[PDB]
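Colleague: Residues 11 to 76, 79 to 125 in the entry's author numbering are what the sequence shown lists, from first letter to last.
Backbone N, C-alpha and C define an ideal beta-carbon position, used for all residues, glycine too.
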Amino acid sequence: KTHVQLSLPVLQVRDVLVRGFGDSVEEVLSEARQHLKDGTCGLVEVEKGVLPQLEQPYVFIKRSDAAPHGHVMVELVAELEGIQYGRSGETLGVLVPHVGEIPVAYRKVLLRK
Ligand SMILES: O=C(O)[C@H](O)c1ccccc1
């Protein structure tokens, strides 16, 4: 399937133990996609002071369309040193590895895979 319904645990930035997916745009997009497949991906909602507490390159989920079965359609966009790889809509948050942190909420998304 081209899209997969996922429920992403929303984590507080100060709880996150592993603050990015790796060291290159290509690696972080690869690792994000793997963690989204394996159910080991969390979402941090972006506000003032969040991104400097996480590791670049960043992986964002961004709205790809204006929401089947409650699931917002999203795609992945990476960022390194102020350059974005991908073009998409509003940021829903930044993806990180999930290693057992307790979430504050779930974000229902339909991920373009
Ligand atoms: O196809 C799968 O195994 C799975 O749906 C999946 C989820 C997220 C990204 C890629 C693939």
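#1: Using a Cβ-based criterion (distance less than 6 Å to any ligand heavy atom), does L46 qualify as near ligand 1?
#2: Quick one: what does DSSP say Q22 is sitting in, helix, strand or coil?
#3: Please report the residue range of the beta strand (DSSP E) in which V69 lies.
#4: Taking all protein chains shown into account, do 16 or more other C-beta atoms lie within 10 angstroms of the C-beta of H110, making it buried, or fewer, making it exposed?
#5: Taking only three categories from DSSP, how would you classify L27?
#6: Quick test of your reading: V23 and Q63, contact by CB under 8 Å. State the CB separation rounded to the nearest angstrom.
#7: Let me check one thing: in DSSP terms, what residues is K120 bridge-paired to?
#8: Ends of the beta strand (DSSP E) at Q96?
#9: Just confirm the distance between the C-beta atoms of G30 and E65, as a whole number of angstroms; I'd bet it's less than 8 Å.
#10: When the Cα of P19 is compared with those of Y68, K125 and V106, which residue comes out closest?
Modeller: Considering the structure as presented:
#1: One-based indexing of the sequence shown puts residue 46 at position 36. Yes - ligand 1 has a heavy atom lying nearer than 6 Å to the Cβ of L46.
#2: Position 12 of the sequence shown, counted from the start, is the residue given in the question as residue 22. DSSP places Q22 in coil when its eight states are reduced to three.
#3: Start at 1 with the first residue of the sequence shown, and residue 69 comes out as number 59. Element bounds for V69: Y68 to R73.
#4: Locating residue 110 in the sequence shown gives position 98, counting from the first residue. Result: buried.
#5: Residue mapping note: residue 27 aligns to position 17 of the sequence shown, counting from 1. Three-state result, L27: coil.
#6: For the purposes of this step, residue 23 is taken as the residue at position 13 of the sequence shown. For the purposes of this step, residue 63 is taken as the residue at position 53 of the sequence shown. Indeed, because the Cβ distance is near 5 Å, the residues count as touching under 8 Å.
#7: Numbered from its first residue, the sequence shown carries residue 120 at position 108. In the DSSP output, where bridge partners are listed per residue, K120 has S17.
#8: Here residue 96 corresponds to residue number 84 of the sequence shown, with the count starting at 1. Its beta strand (DSSP E) spans residues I95 to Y97.
#9: As a working note, residue 30 is residue 20 in the sequence shown. As a working note, residue 65 is residue 55 in the sequence shown. The C-beta distance from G30 to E65 rounds to 3 Å, short enough to meet the 8 Å contact threshold.
#10: The sequence position of residue 19 within the sequence shown is 9, counting from 1. The option with the nearest alpha carbon to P19 is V106.
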